[PDB]
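Right, one structure below, let's go through it.
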Amino acid sequence: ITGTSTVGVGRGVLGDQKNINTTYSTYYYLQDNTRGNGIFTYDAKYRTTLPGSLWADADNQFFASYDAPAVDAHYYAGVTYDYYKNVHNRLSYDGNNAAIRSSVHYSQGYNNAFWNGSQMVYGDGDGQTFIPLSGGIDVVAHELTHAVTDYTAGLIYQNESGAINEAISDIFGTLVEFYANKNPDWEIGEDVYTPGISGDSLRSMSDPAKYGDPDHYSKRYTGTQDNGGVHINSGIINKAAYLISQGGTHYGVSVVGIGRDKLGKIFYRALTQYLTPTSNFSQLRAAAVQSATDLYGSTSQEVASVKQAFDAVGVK
Ligand SMILES: Oc1cccc(Br)c1
Ligand SMILES: Oc1cccc(Br)c1
Ligand SMILES: [Ca+2]
Ligand SMILES: [Ca+2]
Ligand SMILES: [Ca+2]
Ligand SMILES: [Ca+2]
Ligand SMILES: [Zn+2]
Numbered sequence: 205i206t207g208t209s210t211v212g213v214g215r216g217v218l219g220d221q222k223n224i225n226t227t228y229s230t231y232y233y234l235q236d237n238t239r240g241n242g243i244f245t246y247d248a249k250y251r252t253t254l255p256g257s258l259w260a261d262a263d264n265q266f267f268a269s270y271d272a273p274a275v276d277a278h279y280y281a282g283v284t285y286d287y288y289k290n291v292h293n294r295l296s297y298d299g300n301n302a303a304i305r306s307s308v309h310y311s312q313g314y315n316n317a318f319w320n321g322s323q324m325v326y327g328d329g330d331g332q333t334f335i336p337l338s339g340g341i342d343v344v345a346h347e348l349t350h351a352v353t354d355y356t357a358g359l360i361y362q363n364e365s366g367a368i369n370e371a372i373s374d375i376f377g378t379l380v381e382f383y384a385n386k387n388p389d390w391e392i393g394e395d396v397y398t399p400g401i402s403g404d405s406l407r408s409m410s411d412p413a414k415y416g417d418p419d420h421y422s423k424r425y426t427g428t429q430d431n432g433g434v435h436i437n438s439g440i441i442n443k444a445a446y447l448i449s450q451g452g453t454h455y456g457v458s459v460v461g462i463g464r465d466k467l468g469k470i471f472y473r474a475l476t477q478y479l480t481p482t483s484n485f486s487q488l489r490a491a492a493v494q495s496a497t498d499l500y501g502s503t504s505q506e507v508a509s510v511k512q513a514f515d516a517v518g519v520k
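Residue numbers (mature numbering (1 follows the signal peptide of the UniProt record, and there is no 0)): 205 to 520.
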């Protein structure tokens, strides 16, 4: 809507106070004008009609329990925006400051969050498996990253190209979590998963096998469920990405780590210049090698490390 930019204050899902960019016109709306063409957060009011209504608040203070998932969806969209702009010179997901829209309170006890082709959608969880999913900065940035993947490489959501699509989202979801630098790790969803169990997550990049996902190509899932294993076989690529950044010896293959920022530059370039809708894992390796070549030279350690990492997870 049309109005004046203001700054509200509230608490997120985990109880943390933060400032949020709002817009005043009779009510205060969750409309951030400071980023691109706007960041907009909506109330789906426990239903599945989207987007629902632009979030409106009488007094610019967002401390009610009902408010917390909106606060975090709105704030973490901003953080994700800032990551892509400041780190990769990318202005929103289309590169031309497309509006970022998110709906919270989607359905009842909905244990998921997704990008629907046009906007973000967040369930509140059932309180046992998940709490409201926008509380997870890695979840927010994972799912927002699909918007850019769909706009750039366009990796189809099935079989190996799908698993790459998923790994890309885990990779940048994690790098945004490190960017924000609040309890960062290489695990996915730890801040919103199983409130009664500490130390767990839904997936691990550092050790995919912790939660039954493959960490080697020879262990890939070959079946038809999960669209040919897109959320399973992502572990193979997540492990490769982890090794490129952190190093290690995996199934006897040693990798020299080159750190998170170079990981991010290599995979961003691969995503936006070399991958295609039907890329497979071998093609991902080639794209990552070419990207690292472009950035650091054919003879660099960075290139050697990318090759070692893919060797380590069995991808030729
Ligand atoms: O996928 C993207 C890219 C840039 C900004 C945001 Br928010 C999401
Ligand atoms: O990408 C997502 C969506 C929902 C939960 C988790 Br963990 C990750
Ligand atoms: Ca209020
Ligand atoms: Ca964390
Ligand atoms: Ca995490
Ligand atoms: Ca937990
Ligand atoms: Zn995903």
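Virtual Cβ for every residue (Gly too), placed ideally from N, Cα, C.
task = Please name the residue in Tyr-232, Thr-253 and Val-380 whose C-alpha comes closest to that of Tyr-472.
result = Along the sequence shown, one-based indexing puts residue 472 at 268. Looking from the CA of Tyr-472, the closest CA among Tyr-232, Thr-253 and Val-380 belongs to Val-380.
Check your understanding: Helix, strand or coil: which one does DSSP assign to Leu-258?
Key -> Stepping through the sequence shown from its first residue, residue 258 is reached at position 54. Here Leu-258 sits in strand by DSSP.
*asked:* Quick check for students: name the residue ranges of the alpha helix (DSSP H) that lie wholly in the stretch 331 to 388, counting only runs of 4 or more.
replied: The stretch 331 to 388 contains these whole alpha helix (DSSP H) runs: 341 to 355 and 363 to 384.
Supposed contact pair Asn-237 and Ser-209 - C-beta distance, whole angstroms, cut 8 Å | Counted from its first residue, the sequence shown places residue 209 at position 5. Counted from its first residue, the sequence shown places residue 237 at position 33. In this structure, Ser-209 and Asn-237 form a Cβ contact; the two beta carbons are roughly 5 Å apart against a cut-off of 8 Å.
| task | Counting only the same chain and skipping the five closest in sequence on each side, list residues whose C-beta sits under 7 Å from that of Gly-463. | result | Residue mapping note: residue 463 aligns to position 259 of the sequence shown, counting from 1. Sequence-distant partners of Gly-463 (beyond 5 residues in either direction) whose C-beta falls short of 7 Å from its own C-beta, in its chain, are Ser-449.
### Message
Are there any heavy atoms of ligand 3 lying less than 8 Å away from the beta-carbon of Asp-263, as far as the coordinates show?
### Response
Here residue 263 refers to the residue found at position 59 when the sequence shown is read from its first residue. For ligand 3, at least one heavy atom lies less than 8 Å from the Cβ of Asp-263.
Could you tell me whether the stretch 369 to 388 touches the stretch 498 to 517, where touching means 3 or more Cβ pairs closer than 8 Å?
Segments in contact, no.
Would the beta-carbon of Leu-467 fall within 9 Å of that of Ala-445? Reading the sequence shown from its first residue, position 263 is the one you call residue 467. Reading the sequence shown from its first residue, position 241 is the one you call residue 445. With contacts defined by Cβ atoms closer than 9 Å, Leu-467 and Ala-445 form a contacting pair.
query = Is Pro-388 near ligand 4, in the sense that its beta carbon is under 8 Å from a heavy atom of that ligand?
reply = Translated into positions along the sequence shown, residue 388 becomes position 184. Indeed, a heavy atom of ligand 4 lies less than 8 Å from the Cβ.
Starting from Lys-289, follow the alpha helix (DSSP H) in both directions and report where the run begins and ends.
Position 85 of the sequence shown, counted from the start, is the residue given in the question as residue 289. Counting along the chain, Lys-289 sits inside the alpha helix (DSSP H) bounded by residues 272 to 292.
Using only the alpha-carbon positions, how far apart do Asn-301 and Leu-295 sit? Within the sequence shown, residue 301 is the residue found at index 97, counting from 1. Within the sequence shown, residue 295 is the residue found at index 91, counting from 1. Distance from the CA atom of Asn-301 to the CA atom of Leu-295, rounded to whole angstroms, is 5 Å.
**Asked** Can you round the beta-carbon distance between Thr-356 and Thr-476 to whole angstroms, since I take them to be within the 8 Å contact cut?
**Response** As a working mapping, residue 356 is identified with position 152 in the sequence shown. As a working mapping, residue 476 is identified with position 272 in the sequence shown. About 5 Å separates the beta carbons of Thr-356 and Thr-476, which is inside the 8 Å limit, making them a contact pair.
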